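Starting off, we have a lone chain in the form deposited in one PDB entry, written out as structure tokens.
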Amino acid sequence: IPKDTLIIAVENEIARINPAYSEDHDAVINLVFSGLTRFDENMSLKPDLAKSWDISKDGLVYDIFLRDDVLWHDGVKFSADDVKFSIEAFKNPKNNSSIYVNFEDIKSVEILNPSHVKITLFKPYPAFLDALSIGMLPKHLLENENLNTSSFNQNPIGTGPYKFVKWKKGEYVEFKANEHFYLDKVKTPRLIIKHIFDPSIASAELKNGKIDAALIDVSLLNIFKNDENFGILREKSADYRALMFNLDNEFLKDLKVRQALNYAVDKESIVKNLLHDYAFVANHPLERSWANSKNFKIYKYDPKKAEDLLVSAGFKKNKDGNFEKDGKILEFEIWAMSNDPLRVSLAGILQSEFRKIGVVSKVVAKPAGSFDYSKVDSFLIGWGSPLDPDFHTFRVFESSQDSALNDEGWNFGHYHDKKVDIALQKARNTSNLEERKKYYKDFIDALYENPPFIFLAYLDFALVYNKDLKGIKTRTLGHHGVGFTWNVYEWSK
């Protein structure tokens, strides 16, 4: 690989390179686009396209002041027009934006002058500044387009550090440095995002020198020991793994069953042995957040509590020593993405724990994208954001976000809890920080009393990189390790 070219592998690919359809599962949107705000090495809110902002006392009015030295990749200037268009596009239900929920509380967007936009809200939404980091859209290209289907989505123009060059689908996306980047000089002139979902192949291509960097599963990490072409950077993350219950399932809809299944698992055993202390035991989805109550009940590893719960639910043990109810065995499937060894291994351990308490389960391992995980009995799932606590909680747990009911929802297990709904809505619409913490405490407590998941472990990630690489900075990563390329414009060899 030439010195003026950077090649990075990422596991997840997106169909539309457009902030409006961002699902925190990609690395290319933050390359092409830039938002009004951004985050530094410490996850602190920093100015990006917006040079500064003022927020009204009641949190309903945002005055945003824009930089005037920003160009779109087509040489067209960034202005307040783009901001009004972008935000109005996110809000428009006809665009089916994946980030619609972050913009739904917006009343109006006013252009006061070409560098000053005034945003008014129906209700407070303190995550708004975090939400505005997502990336602005070019008005002059998309004004007369169908955002859902526009060819723009496969030929994007943004204000980010990198320009779109060409896209080989299922292969790679190539970028070139934005010569007019306002924030900083983009160091490496060529950037290739290579799509590799198989970690063994990712490891092999590193050894081959076909790619410069990738996130490598901990089980494969020992392979790069003694290798001198590579350094290893350990990164913390808000990413957790869990078992998603499908509450449509005849057995998993029952509360007593889900509580019993939580009692059956020795998460410390899992973390210690399977993850080699590259993790810690998870109990709820906000344990890296300020919203963490650090004062919550847990389901502690206790098989007889588990078995006793199942009897209470009305299950009788049979001659095989497996629970049955009204003539039918307590049986369901555990699906895992076969391309993710950690998930397959976790599903395998879960199956073994469940049998020891007389629950029959079947592990189904299929490649990511080959099946609909919102229709399987249970699924080894993952989520987690280092940003506002609302971002991977509302779409994931709130009942209106049921994916069967909402095409842009992330509630794949069809979970419906009234207390979760109220707590998340009030938390996302409350300005006071301490009051927010109280509502997220309610949320966590509500999750305990009616578990949608079996929370398992928060993950650390390992970045394996060409040792010739300069300028890499670590920070708290999100789900799938998204964000490890956050400062890639500083990268050079």
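One-based numbering along the sequence shown. Each form is matched to the other, and the largest set of C-alpha atoms that superpose within 1.5 Å is called the rigid core.
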query: Which has the higher mean CA temperature factor in the PDB entry, 295 to 303 or 395 to 403?
result: 295 to 303
message: Regarding 409 to 417 and 337 to 345, which shows the higher C-alpha temperature factor on average in the entry?
response: 337 to 345
statement: The largest CA temperature factor among 264, 134, 202, 101 is found at 264
- prompt: Which one of 450, 30, 430, 466 shows the top CA temperature factor in the record?
  reply: 466
query: Mind checking which third residue 330 falls in for C-alpha B-factor across the chain?
result: highest
task: Would you please rank residue 314 by its C-alpha temperature factor against the other modelled residues of its chain and give the third it falls in: lowest, middle or highest?
output: highest
- prompt: Within this chain, which third does the Cα B-factor at residue 422 fall in: lowest, middle or highest?
  reply: lowest
message: Using the temperature factors of the C-alpha atoms in this entry, rank residue 26 within its chain: lowest, middle or highest third.
response: lowest
- request: Pull the Cα B-factor of residue 144 out of the PDB entry and bin it into the chain's lowest, middle or highest third.
  value: middle
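Missing here is the form deposited in another entry; even so, the following discussion is about that form.
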message: If I align on the rigid core, exactly one of 132, 173, 137, 265 should have its C-alpha move by 2 Å or more between this form and the one not shown; which residue is that?
response: 265
message: After superposing the rigid core, is the C-alpha displacement of residue 349 2 Å or more between this form and the one not shown?
response: yes
- prompt: When the two forms are laid on each other by their rigid core, does residue 164 show a Cα shift of 2 Å or more between this form and the one not shown?
  reply: no
task: Indicate whether residue 192 shows a C-alpha shift of 2 Å or more between this form and the one not shown, with the rigid core used for the fit.
output: no
